[PDB]
Protein chains: 4
Amino acid sequence: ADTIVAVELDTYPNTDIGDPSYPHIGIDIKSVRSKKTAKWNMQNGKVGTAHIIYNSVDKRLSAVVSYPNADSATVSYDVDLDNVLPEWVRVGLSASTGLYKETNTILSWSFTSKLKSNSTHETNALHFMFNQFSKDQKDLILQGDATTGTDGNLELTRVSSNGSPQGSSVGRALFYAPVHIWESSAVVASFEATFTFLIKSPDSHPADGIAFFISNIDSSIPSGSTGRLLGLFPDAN
Amino acid sequence: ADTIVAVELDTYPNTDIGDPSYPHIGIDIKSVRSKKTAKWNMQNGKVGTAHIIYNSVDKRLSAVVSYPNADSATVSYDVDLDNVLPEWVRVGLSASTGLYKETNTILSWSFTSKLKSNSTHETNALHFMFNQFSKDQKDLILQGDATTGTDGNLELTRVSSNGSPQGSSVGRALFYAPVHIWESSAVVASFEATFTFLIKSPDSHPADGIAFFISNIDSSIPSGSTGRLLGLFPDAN
Amino acid sequence: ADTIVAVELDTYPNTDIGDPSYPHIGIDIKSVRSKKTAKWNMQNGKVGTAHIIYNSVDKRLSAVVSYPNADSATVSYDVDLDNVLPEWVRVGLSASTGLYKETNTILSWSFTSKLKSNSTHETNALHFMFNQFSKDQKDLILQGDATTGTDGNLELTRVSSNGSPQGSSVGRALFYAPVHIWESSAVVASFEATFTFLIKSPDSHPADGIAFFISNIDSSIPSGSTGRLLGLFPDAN
Amino acid sequence: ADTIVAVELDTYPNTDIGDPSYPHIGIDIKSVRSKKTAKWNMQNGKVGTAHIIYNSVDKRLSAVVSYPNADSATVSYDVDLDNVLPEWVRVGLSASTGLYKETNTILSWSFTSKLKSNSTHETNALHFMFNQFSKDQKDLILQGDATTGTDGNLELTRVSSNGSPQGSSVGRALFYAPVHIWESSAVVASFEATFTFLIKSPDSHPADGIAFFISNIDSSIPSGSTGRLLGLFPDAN
Ligand SMILES: [Mn+2]
Ligand SMILES: [Mn+2]
Ligand SMILES: [Mn+2]
Ligand SMILES: [Mn+2]
Ligand SMILES: [Mn+2]
Ligand SMILES: [Mn+2]
Ligand SMILES: [Mn+2]
Ligand SMILES: [Mn+2]
């Protein structure tokens with residue numbers, strides 16, 4: 001089915017499918033079993049920031065996650081994305097809850113993509129930045145339980161009125177326009193993504209996490225991907 | 001039908017519908033009869049550059065058209081776009097030919113839009129830049145005879161293989177994603193558009209012109225808008 | 001002496017030199033007696049945001065000042081800056097206190113300037129953004145009592161350790177590199193400046209204000225410009 | 001003396017100081033003896049483009065050099081710049097000629113630097129872009145024989161009126177403002193530089209090359225650095 005490349009912010013350790021024994025950040029290339037992970041000192045109720053970068057010369061996907069006044073976590077993986085994804089993709093955010101839960105709120109999201117050709121001055125670029133989400137955000141495709149406009153935020157998974165997070169929820173938000181990540185005459189292709197999130201849970205064991213992902217343009221939530229599968233994969237293979 | 005705001009680069013003087021007696025640039029608010037025009041010293045076969053700017057504080061749409069080594073032409077019009085267009089629009093390029101013709105080639109196109117909120121640091125932005133167009137440009141909606149990929153260019157109206165422009169042709173290209181130009185808490189909204197074009201005709205009387213336009217998101221080419229109506233209006237009212 | 005163009009955030013009404021009877025925003029072209037002003041509902045202790053824009057086609061300097069959850073204030077003035085300032089200038093922030101006082105803290109400052117030539121694709125640009133100021137900010141020229149690094153902020157006027165603002169203080173911060181605002185082949189020149197500030201005073205009558213200004217590159221604080229003269233002018237003419 | 005990190009475009013093979021037997025691109029960390037090099041198919045009289053990128057997470061300096069209609073050359077080197085350069089640096093372009101010569105013309109130059117803090121939304125950035133150089137470019141420090149304004153270009157080494165390049169020439173151009181490349185709370189620091197150049201020589205054996213470099217802020221041309229030492233190093237160690 002879908003082709004997924006994702007950076008996961010995994011809040012619950014599912015050691016049975018390969019997660020380390022703590023909250024962690026990981027790089028997923030077509031499988032929920034991360035190719036690489038780093039321990040993440042997740043802070044319930046605090047606003048964090050994730051930064052994701054990549055370029056076609058180095059062929060290394062790197063991510064940094066931090067909280068104000070704290071040391072940051074970083075994970076990197078060598079991978080040639082031209083060999084994994086199609087030339088046209090869509091980028092988005094995904095999150096899920098299962099038996100354990102949490103709010104998966106997005107307060108801001110920016111993305112920049114650049115394709116530099118061998119022609120003198122030939123640069124194709126795409127940049128979007130949301131610091132405020134409105135009730136009817138026509139430039140986003142919302143899937144599953146994702147909603148916008150609440151407090152000017154993006155709520156990826158269900159939250160009840162009292163502001164409480166609901167279990168077994170899954171939601172994704174994708175930028176409306178397709179993104180071009182390869183071109184036959186490109187000499188350098190690169191992208192950078194930043195998002196700020198608020199993960200809060202009334203429980204000691206929050207679950208499941210948030211992921212930034214890149215997929216085929218027609219990607220949709222796979223059946224039964226609530227919980228540990230982050231709304232990205234159909235199974236744990 | 002559609003709601004159109006356009007900056008026209010009108011190459012043929014249709015004095016019967018209000019055009020001045022020379023090639024000119026004009027600002028069209030819902031009608032082909034420009035609200036304002038300026039004489040334009042059009043240069044057959046030369047690459048020109050058009051710059052369009054606007055902001056919600058000044059409420060003035062201004063455009064500058066120039067050619068290398070030449071004096072530029074400029075036209076400005078006071079208009080509050082919040083009172084003319086919907087909150088969500090699509091931006092694009094349109095061109096036509098009729099009994100007289102010309103090539104309407106686009107070599108590059110960039111657009112930036114910004115919505116600054118009253119919240120501290122709340123900026124929503126959209127930026128795209130094409131310096132090269134590919135055969136299958138999934139982030140553009142091509143309408144009518146518009147095609148991409150020829151010489152890495154965007155051909156808005158039909159050109160035969162030998163490179164000759166065809167008469168009675170009409171084509172438009174729109175950026176795929178909707179653009180947000182008003183938000184209830186916005187303190188300043190602004191946009192800027194730049195495009196470079198090559199208008200060439202084997203004839204002494206080239207026709208009809210190229211226009212940068214902003215419209216309702218579902219805008220489509222009105223019937224019989226070839227020729228003097230630039231692929232934007234259904235009639236000359 | 002110096003040539004000054006400034007947007008003032010005037011917190012104290014010096015009706016004897018032309019200020020309206022309330023806190024106001026104004027546009028100063030070579031004199032502290034603003035060419036234009038608008039009433040400003042100044043909020044003691046709240047973080048505000050000022051946005052300043054200008055372009056050589058419209059020849060209109062406009063500014064918008066707002067606070068979160070509040071209506072904004074705006075002032076505009078028609079002026080051709082090519083006829084007032086030199087081709088090379090420096091941009092900066094200035095503030096003062098006199099018998100009455102206040103803190104003049106800058107939490108962030110961004111500036112973008114663009115010169116678009118008539119050559120195809122000829123754009124010269126300069127952009128800087130500070131969201132954090134460090135103790136030794138080598139890209140700023142600090143004049144008078146201005147200091148950086150305190151809380152990652154820029155303090156334009158003196159504040160004692162307990163955090164209290166001092167009277168008769170004056171300070172300015174200028175971006176190190178000269179800015180080019182005119183070029184003989186330019187078709188459009190424009191700039192945009194944004195800054196967020198925190199004006200706080202233990203008193204009912206805070207004074208004197210903060211100004212964004214543009215000046216000759218070698219501008220320095222005029223003698224006796226504390227108080228009502230905002231660190232910008234030598235006298236009240 | 002100076003601390004230099006440079007990307008060289010070396011046009012003459014000085015095999016006696018370690019150059020490969022052909023024109024090449026190389027990464028120089030404090031010595032003219034490149035840490036890494038790649039063969040470069042240099043094209044006399046054609047306009048080329050160099051792209052340089054780096055980020056503090058990956059710690060890899062990479063460069064790509066290309067000509068229109070040709071395959072590009074690329075070289076990469078793992079290096080932690082925080083361990084080699086000071087926290088504040090200046091960036092620039094340098095070139096030289098010796099017994100053999102060539103024109104070292106720069107037609108455009110852009111640079112972007114970003115420091116992302118662990119504070120939510122804390123980004124410091126600097127960006128400059130020159131597509132046209134004027135006779136009196138006050139935002140550049142010109143050293144040695146470098147001159148601006150000729151044809152709107154930057155001439156790094158001496159060219160006589162007839163347009164002929166002179167031997168034993170050396171020149172550098174540095175951006176006026178210091179650049180901040182490290183900050184104690186930074187989570188990611190990165191930069192990207194692009195320049196287009198025209199190397200032309202009436203001779204079969206052009207010499208010496210052009211380099212993009214990063215140095216201590218007070219760097220100056222070392223004595224006797226004409227020729228093979230590219231205006232960057234005092235000797236061949
Ligand atoms: Mn898990
Ligand atoms: Mn995991
Ligand atoms: Mn006409
Ligand atoms: Mn007309
Ligand atoms: Mn006053
Ligand atoms: Mn005043
Ligand atoms: Mn050499
Ligand atoms: Mn070498």
Side-chain angles (χ1 to χ4, degrees), chain A residues 8-26 28 32-34 37 40 42 95-100 102 205-211 227-230 232-233 236, chain B residues 6-28 31-40 75 96 207-211 227-230 232-233 236, chain D residues 8-26 28 32-34 37 40 42 95-98 100 102 205-211 227-230 232-233 236:
Chain A
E8 57 167 59
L9 281 55
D10 189 338
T11 55
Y12 188 100
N14 303 90
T15 57
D16 55 328
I17 60 166
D19 277 14
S21 278
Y22 38 82
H24 54 281
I25 56 173
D28 304 320
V32 77
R33 298 192 185 244
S34 306
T37 60
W40 173 36
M42 195 269 286
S96 62
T97 55
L99 287 190
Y100 295 83
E102 74 195 18
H205 298 289
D208 276 279
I210 297 178
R228 70 176 66 199
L229 302 172
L230 300 174
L232 299 188
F233 316 96
Chain B
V7 168
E8 57 167 59
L9 281 55
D10 189 338
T11 55
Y12 188 100
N14 303 90
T15 57
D16 55 328
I17 60 166
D19 277 14
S21 278
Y22 38 82
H24 54 281
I25 56 173
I27 290 163
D28 304 320
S31 158
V32 77
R33 298 192 185 244
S34 306
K35 295 320 187 191
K36 191 86 174 272
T37 60
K39 187 175 191 262
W40 173 36
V75 64
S96 62
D208 276 279
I210 297 178
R228 70 176 66 199
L229 302 172
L230 300 174
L232 299 188
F233 316 96
Chain D
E8 57 167 59
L9 281 55
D10 189 338
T11 55
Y12 188 100
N14 303 90
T15 57
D16 55 328
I17 60 166
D19 277 14
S21 278
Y22 38 82
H24 54 281
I25 56 173
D28 304 320
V32 77
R33 298 192 185 244
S34 306
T37 60
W40 173 36
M42 195 269 286
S96 62
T97 55
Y100 295 83
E102 74 195 18
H205 298 289
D208 276 279
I210 297 178
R228 70 176 66 199
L229 302 172
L230 300 174
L232 299 188
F233 316 96

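Below, each value reflects all heavy atoms present in this structure, side chains not excepted, and no hydrogens, waters or symmetry copies. Remember, it's 1-based here, ligands and their atoms both numbered in the order they're listed. Protein chains get the first letters and strands the later ones, always in sequence-line order, with residue 1 at the start of each.
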query = So, is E8(B) placed with an N/O/S atom under 2.8 Å from the Mn ion (ligand 4), counting both backbone and side chain?
reply =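 Yes, within the cut-off.
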ask   = the Mn ion (ligand 1) to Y12(A): any N/O/S contact under 2.8 Å?
value =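 Looking at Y12(A), which is the residue asked about, there is an N, O or S atom under 2.8 Å from the Mn ion (ligand 1).
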key: Polar side-chain atom of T37(A) near backbone of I25(A) as donor-acceptor pair, under 3.5 Å   =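 Judged by distance alone, no pair lies under 3.5 Å.
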ask   = Looking only at heavy atoms, what is the nearest atom pair of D28(B) and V32(B), with distance?
value =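 The pair with the smallest heavy-atom distance is OD1-O, 3.6 Å.
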request  = Of all the heavy-atom pairs spanning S96(A) and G227(A), show the shortest one and how long it is.
outcome  =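 Where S96(A) meets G227(A) most closely, the heavy atoms are OG-O, 2.6 Å.
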Carboxylate-amine/guanidinium proximity below 4.0 Å for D19(B) and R228(B) =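 Between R228(B) and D19(B) there is no salt bridge, as every charged N stays at least 4.0 Å from the carboxylate O atoms.
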key: Where the Mn ion (ligand 7) is the vertex, angle from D10(D) OD2 to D19(D) OD2 to 10°   =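 Seen from the Mn ion (ligand 7), OD2 and OD2 are separated by roughly 70°.
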